Amino acid sequence: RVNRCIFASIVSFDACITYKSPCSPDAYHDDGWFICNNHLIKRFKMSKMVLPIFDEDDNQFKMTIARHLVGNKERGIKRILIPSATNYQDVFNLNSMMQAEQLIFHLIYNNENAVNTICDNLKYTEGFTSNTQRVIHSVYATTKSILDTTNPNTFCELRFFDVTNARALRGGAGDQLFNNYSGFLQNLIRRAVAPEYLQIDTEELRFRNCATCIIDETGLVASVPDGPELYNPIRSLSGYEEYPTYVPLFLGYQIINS
Amino acid sequence: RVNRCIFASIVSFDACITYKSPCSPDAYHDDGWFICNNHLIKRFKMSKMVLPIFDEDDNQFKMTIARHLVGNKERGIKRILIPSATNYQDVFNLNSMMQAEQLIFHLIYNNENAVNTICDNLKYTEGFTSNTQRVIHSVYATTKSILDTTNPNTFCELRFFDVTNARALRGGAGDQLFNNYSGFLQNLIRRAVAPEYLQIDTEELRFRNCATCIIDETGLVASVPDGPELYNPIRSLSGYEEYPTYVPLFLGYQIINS
Amino acid sequence: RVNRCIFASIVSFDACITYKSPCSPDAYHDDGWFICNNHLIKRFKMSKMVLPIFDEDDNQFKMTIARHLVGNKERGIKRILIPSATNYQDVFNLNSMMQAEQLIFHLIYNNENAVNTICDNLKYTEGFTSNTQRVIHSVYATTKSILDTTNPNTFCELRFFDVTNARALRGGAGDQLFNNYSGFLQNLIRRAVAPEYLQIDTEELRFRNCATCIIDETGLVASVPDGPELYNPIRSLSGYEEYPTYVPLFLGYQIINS
Amino acid sequence: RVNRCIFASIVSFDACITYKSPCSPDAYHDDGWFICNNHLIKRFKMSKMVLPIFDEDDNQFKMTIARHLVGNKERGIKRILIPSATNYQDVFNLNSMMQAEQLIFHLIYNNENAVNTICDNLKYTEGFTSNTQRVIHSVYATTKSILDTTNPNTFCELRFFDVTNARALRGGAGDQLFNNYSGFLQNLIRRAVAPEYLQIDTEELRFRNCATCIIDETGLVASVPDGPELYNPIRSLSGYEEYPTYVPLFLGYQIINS
Amino acid sequence: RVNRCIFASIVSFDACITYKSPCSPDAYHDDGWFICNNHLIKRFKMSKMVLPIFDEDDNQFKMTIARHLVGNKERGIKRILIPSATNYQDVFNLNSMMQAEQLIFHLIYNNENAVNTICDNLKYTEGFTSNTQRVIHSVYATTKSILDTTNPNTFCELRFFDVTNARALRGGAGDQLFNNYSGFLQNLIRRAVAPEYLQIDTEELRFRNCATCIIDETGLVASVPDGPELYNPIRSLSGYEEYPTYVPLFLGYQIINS
């Protein structure tokens with residue numbers, strides 16, 4: 001009944017130009033993703049999927065996994081999925097966006113300087129105190145409400161992104177750089193990439209033979225390790241089921257108790 | 001329709017003992033106070049009042065002020081209204097409370113050690129994973145939702161608690177120690193004590209001749225400066241209106257623009 | 001059933017021009033004030049209030065207190081409430097009034113010379129002996145009846161207006177100059193300003209933190225001590241009671257026995 | 001029938017967000033102004049007026065003059081009307097605008113670097129070749145069509161902005177800095193400010209006693225010379241005509257032949 | 001319903017020649033001007049206008065301003081608007097007028113000698129006592145009725161005509177010579193020229209950049225200071241409002257209270 005997408009609070013507060021709310025109905029669902037599928041697709045090269053685990057509990061245990069939207073022709077920065085705070089200005093092309101969305105992106109990426117600049121140059125516009133202050137108050141408040149509930153400050157599950165001493169707390173440089181992203185970014189990454197190795201109680205399940213995406217200082221980038229880029233039809237004998245060839249986001253390791 | 005009191009999320013998660021929701025209907029109102037009047041009275045020696053300002057705008061400008069619940073007989077720590085983080089263990093008598101309320105109080109007062117202790121000794125109880133984890137998750141989540149929206153990190157009004165260079169940003173030790181309280185504590189204090197000097201645009205209004213409460217390292221304490229304690233009937237020629245003799249919370253200075 | 005206001009006996013004894021009796025119904029009540037609220041407001045910057053004392057007797061003990069009708073913009077002589085006998089000609093603008101009211105004011109202020117002048121120049125008018133003598137007889141008689149019952153000659157309670165040796169009979173210059181006013185003036189002042197310190201039996205109650213009005217040689221003037229003038233809306237979140245911001249008359253000290 | 005406003009070709013080429021065409025019907029008229037009144041008001045503090053000249057020819061000779069939209073309270077950069085190329089980033093707040101409008105403004109101000117940046121970072125967006133290239137082609141083509149017809153390269157009237165050797169070609173620093181603006185800026189300025197001294201054939205007409213606006217390195221700014229700012233009601237005995245108190249744009253000198 | 005123009009009482013009391021009443025209907029209105037617009041135009045080079053003030057009160061505050069009827073070709077005495085008592089014989093060409101109008105002009109200009117001459121040489125005519133005495137009585141009585149209600153003897157607003165110590169009572173020679181005109185002349189001048197600087201309460205409004213007319217010993221003359229004479233079409237792209245180029249009477253300074 002209430003939208004839970006951080007990009008759902010997008011309004012063009014220019015007082016004469018309109019905006020849109022193209023979020024899919026899945027935004028209202030408390031699936032864990034604080035972003036609707038439509039914005040998850042149009043901004044990141046990412047789509048949502050559910051993943052079933054028919055473990056010994058015989059329960060309908062469902063986790064969340066992601067989907068590439070990048071094929072093979074595009075190389076380099078075009079293959080990125082979630083950029084880090086260092087190099088997202090160029091990839092996101094912030095100037096194309098509306099100020100509500102630049103503010104949301106900077107809050108996601110913790111750019112206090114950018115927020116300060118947008119705030120102290122936005123006051124120069126006319127009609128600011130009439131409704132611009134109230135609307136920016138509303139958008140900033142709801143964005144912080146979405147952001148703080150995902151804050152990585154441990155609550156009151158153990159995830160790793162590299163295979164280094166799997167039966168331990170040791171992690172690679174990917175894990176330590178991933179800890180540097182904000183709460184919303186960390187939550188989105190955690191819900192997006194599923195671990196190719198899962199530890200339930202004391203047993204192990206391997207969903208993917210070998211990792212699909214990679215984590216670098218540039219961020220979550222869909223650059224397949226040690227090989228040519230995986231085929232992706234992108235898209236939008238008949239008796240056998242289709243078995244769609246969509247490439248998922250498989251990376252890391254997980255320790256699960258109880 | 002939705003409760004906005006931090007003490008409204010009080011549940012006795014002992015699985016057999018009950019709890020209460022004695023919040024007054026004013027909790028649902030978005031008055032600014034993130035606490036219902038009933039808990040504001042039963043925990044702090046504080047009650048709510050509205051205050052009108054018939055300024056040049058001729059608008060129905062209403063601010064929030066507070067009320068003592070302490071008379072004259074009680075002295076010392078009994079006269080405190082909002083203790084600081086240093087000395088609230090003794091005044092609040094935390095052990096009398098339920099664990100939901102100790103957790104709420106420690107979150108209000110930023111006692112990470114106390115939260116860690118309650119979390120790692122609460123897991124020892126039986127039936128924890130069944131519903132205790134879920135209920136503590138709910139209470140902690142709603143408490144952090146209430147707390148973060150009041151966080152003193154400036155948004156995207158200038159309040160002082162001492163008379164030192166009124167036409168400047170200079171403030172006394174009271175202001176600098178008041179900055180040390182958490183977001184909820186700062187918001188409650190700001191909504192509670194009204195400034196005896198108000199600056200609207202470029203003119204000044206003095207509501208109270210001289211300050212009633214005081215701010216010390218012990219906290220907000222209703223110790224009247226340089227004199228015997230103010231009379232307070234506590235309580236719960238007929239033609240003339242009653243003019244109730246309730247003693248309010250008047251302290252500080254305010255700068256208001258537009 | 002009988003009016004007890006000194007200004008209720010106002011008649012324009014010009015034999016062709018009319019008069020008014022705008023006294024509120026509280027004039028008939030034997031509240032102690034020998035003046036109706038309407039004249040108390042239109043002549044002095046004063047309004048009536050009752051004040052409750054929920055002392056150890058648990059009785060409905062009500063005293064009388066007053067209210068300013070002056071804001072902040074008016075300064076100097078405009079801020080006076082009850083002028084002394086020295087400087088009331090200018091503030092009251094006696095010439096604007098009718099002769100009944102000048103006579104009443106001079107009787108209140110013990111101006112025997114002014115009464116002599118008005119009496120020996122009023123006889124010059126025509127039709128004097130017909131009814132003017134009888135009507136001036138009636139008004140003077142009722143005015144003296146009101147005045148003598150308030151005469152400060154001790155009857156057959158100890159009030160002070162300065163804080164000098166509170167546990168003694170010592171008083172400041174304000175008390176000794178206040179003794180110089182006539183009986184009606186002293187009674188009106190005593191019923192108007194309530195003591196910020198009250199002594200009941202052997203215990204003390206402080207209603208006001210610090211004094212609001214002041215007593216000078218000019219009289220009772222609403223000049224707040226050592227600070228800018230108190231805000232007063234003058235006039236003539238909704239769930240919480242209004243708590244009107246009317247500024248009262250608090251000054252002095254009282255000793256009460258039994 | 002065809003729009004002649006440079007700001008009329010404003011389209012939000014984000015492929016899902018809309019735009020507006022709020023130009024007044026005067027845009028279609030070939031009045032000389034290459035901007036509609038609505039954009040002339042919303043972007044510059046400028047409004048349009050016609051000015052009659054009942055000279056010896058007895059013809060209905062009409063010229064174009066402008067109107068301030070700034071009062072007295074706003075000072076400094078807020079008083080500017082047409083900024084120069086040096087300091088228009090801050091006053092116009094380019095980031096608030098859509099890319100069509102930033103491109104139009106940079107083309108008006110001859111910011112080749114800004115155009116290069118917007119062009120080589122706009123290609124990064126998706127769906128660019130589909131319609132974004134065509135729409136940016138259309139907008140850039142029509143903007144250059146509007147700009148080139150106003151190019152200050154003399155065609156195949158003599159205007160000055162300072163009083164220095166009026167009967168000569170000598171001009172102040174204002175004229176030489178005004179020559180530095182682009183064709184559209186020069187045309188807008190020339191149509192906006194009317195010369196307080198006009199020379200028709202061999203005779204002189206003085207419309208304004210003394211100049212209203214000023215020309216500085218900052219640009220056309222409505223800072224009245226040597227005095228407090230002129231009163232301007234802004235806005236949006238009855239028998240006499242209103243004589244509106246709108247403040248016009250009067251500055252300079254003109255030499256007119258035939 | 002009753003004419004309030006001093007020139008409306010013009011009758012040719014030659015008993016056989018007629019007269020005219022060409023006053024416009026605005027004469028009946030109590031606008032403050034004691035002269036109809038038709039005579040204000042035909043005698044002085046002056047026309048009426050109203051001027052709006054959209055101050056903070058948001059009220060429809062209208063003052064009175066005047067209009068030149070002189071262009072640029074006429075120089076010297078032809079440019080005068082209201083001559084002083086020293087040099088009005090030549091400019092007004094009194095001999096052209098009828099005796100009613102010479103008498104009115106001398107009464108306006110306080111020429112007791114001229115009135116004495118016209119009275120003691122008018123009695124020489126035949127038929128004087130029949131109706132000439134009665135008609136001259138009527139005209140002189142109504143002229144004095146118009147004149148005395150404008151007498152500069154302060155009633156039971158502070159106007160200056162020079163900029164010398166604006167925040168004070170200091171005034172130039174123009175003010176002291178303007179005090180020398182009669183009541184009707186002073187009232188006409190005050191209603192005619194509007195102050196280029198107005199002080200309302202404690203704030204300042206500048207309607208005109210710099211003064212249009214001037215005050216000299218010769219009188220109110222429309223000689224623009226330090227420059228060539230202002231263009232005036234005299235008289236009696238279509239989408240934009242006309243903005244008439246009529247030159248007003250702006251001079252002086254005003255202090256207004258309440």
# chains A, B, ... in the order shown; residues from 1 in each chain; ligands from 1
call {"tool": "interface_residues", "arguments": {"of": "chain B", "to": "chain C", "cutoff": "6 Å", "atoms": "only C-alpha atoms", "output": "list in words"}}
result
residues 49, 50, 54, 205, 206, 207, 230, 231, 240 and 242 of chain B
call {"tool": "select_by_dssp", "arguments": {"residues": "region 128-243 of chain E", "states": "alpha helix (DSSP H)", "output": "number ranges by chain"}}
result
E: 133-148, 173-178, 183-192
call {"tool": "write_last_selection", "arguments": {"atoms": "C-alpha atoms", "output": "PDB file, in the first residue's frame"}}
result
ATOM      1  CA  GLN E 133     -22.849  94.193  -6.795  1.00  0.00           C
ATOM      2  CA  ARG E 134     -24.803  91.006  -6.080  1.00  0.00           C
ATOM      3  CA  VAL E 135     -22.935  88.941  -8.676  1.00  0.00           C
ATOM      4  CA  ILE E 136     -19.507  90.207  -7.596  1.00  0.00           C
ATOM      5  CA  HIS E 137     -20.564  89.449  -4.020  1.00  0.00           C
ATOM      6  CA  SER E 138     -21.436  85.885  -5.021  1.00  0.00           C
ATOM      7  CA  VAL E 139     -18.210  85.308  -6.960  1.00  0.00           C
ATOM      8  CA  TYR E 140     -15.983  86.846  -4.278  1.00  0.00           C
ATOM      9  CA  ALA E 141     -17.735  84.863  -1.542  1.00  0.00           C
ATOM     10  CA  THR E 142     -17.366  81.531  -3.329  1.00  0.00           C
ATOM     11  CA  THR E 143     -13.753  82.314  -4.248  1.00  0.00           C
ATOM     12  CA  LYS E 144     -12.918  83.072  -0.614  1.00  0.00           C
ATOM     13  CA  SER E 145     -14.759  79.912   0.435  1.00  0.00           C
ATOM     14  CA  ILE E 146     -12.534  77.918  -1.923  1.00  0.00           C
ATOM     15  CA  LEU E 147      -9.407  79.799  -0.829  1.00  0.00           C
ATOM     16  CA  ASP E 148      -9.807  79.681   2.961  1.00  0.00           C
ATOM     17  CA  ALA E 173      15.365  77.763  -0.847  1.00  0.00           C
ATOM     18  CA  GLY E 174      12.616  76.158  -2.918  1.00  0.00           C
ATOM     19  CA  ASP E 175      10.692  75.140   0.197  1.00  0.00           C
ATOM     20  CA  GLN E 176      10.972  78.561   1.837  1.00  0.00           C
ATOM     21  CA  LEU E 177       9.840  80.341  -1.327  1.00  0.00           C
ATOM     22  CA  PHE E 178       7.027  77.800  -1.786  1.00  0.00           C
ATOM     23  CA  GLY E 183      -3.314  78.581   0.333  1.00  0.00           C
ATOM     24  CA  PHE E 184      -4.820  77.642  -3.019  1.00  0.00           C
ATOM     25  CA  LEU E 185      -1.456  77.864  -4.778  1.00  0.00           C
ATOM     26  CA  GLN E 186       0.225  75.726  -2.119  1.00  0.00           C
ATOM     27  CA  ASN E 187      -2.565  73.140  -2.258  1.00  0.00           C
ATOM     28  CA  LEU E 188      -2.438  72.999  -6.060  1.00  0.00           C
ATOM     29  CA  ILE E 189       1.343  72.597  -6.029  1.00  0.00           C
ATOM     30  CA  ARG E 190       1.202  69.908  -3.337  1.00  0.00           C
ATOM     31  CA  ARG E 191      -1.458  67.937  -5.211  1.00  0.00           C
ATOM     32  CA  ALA E 192       0.365  68.480  -8.516  1.00  0.00           C
TER      33      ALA E 192
END
call {"tool": "closest_residue", "arguments": {"among": "E:85, E:221, E:255, E:122", "to": "residue 68 (chain E)", "atoms": "only C-alpha atoms"}}
result
E:221
call {"tool": "select_by_dssp", "arguments": {"residues": "region 34-232 of chain D", "states": "strand (DSSP E or B)", "output": "VMD selection string"}}
result
chain D and resid 46 to 53 61 to 68 80 to 83 158 to 160 194 197 to 200 203 to 206 214 to 216 219 to 221
call {"tool": "residues_around", "arguments": {"residues": "region 7-22 of chain E", "least_positions_apart": "5", "cutoff": "7 Å", "atoms": "only C-alpha atoms", "output": "list in words"}}
result
residues 35, 38, 39, 98, 100, 101, 132 and 139 of chain E
call {"tool": "atom_distance", "arguments": {"atom1": "CA of residue 83 (chain A)", "atom2": "CA of residue 169 (chain A)"}}
result
25.5 Å
call {"tool": "atom_distance", "arguments": {"atom1": "CA of residue 200 (chain C)", "atom2": "CA of residue 254 (chain C)"}}
result
8.5 Å
call {"tool": "residues_around", "arguments": {"residues": "region 125-130 of chain A", "least_positions_apart": "5", "cutoff": "12 Å", "atoms": "only C-alpha atoms", "output": "PyMOL selection string"}}
result
(chain A and resi 13-16+118-120+135-137) or (chain B and resi 257-258) or (chain D and resi 42-45+70+74+78+90-97)
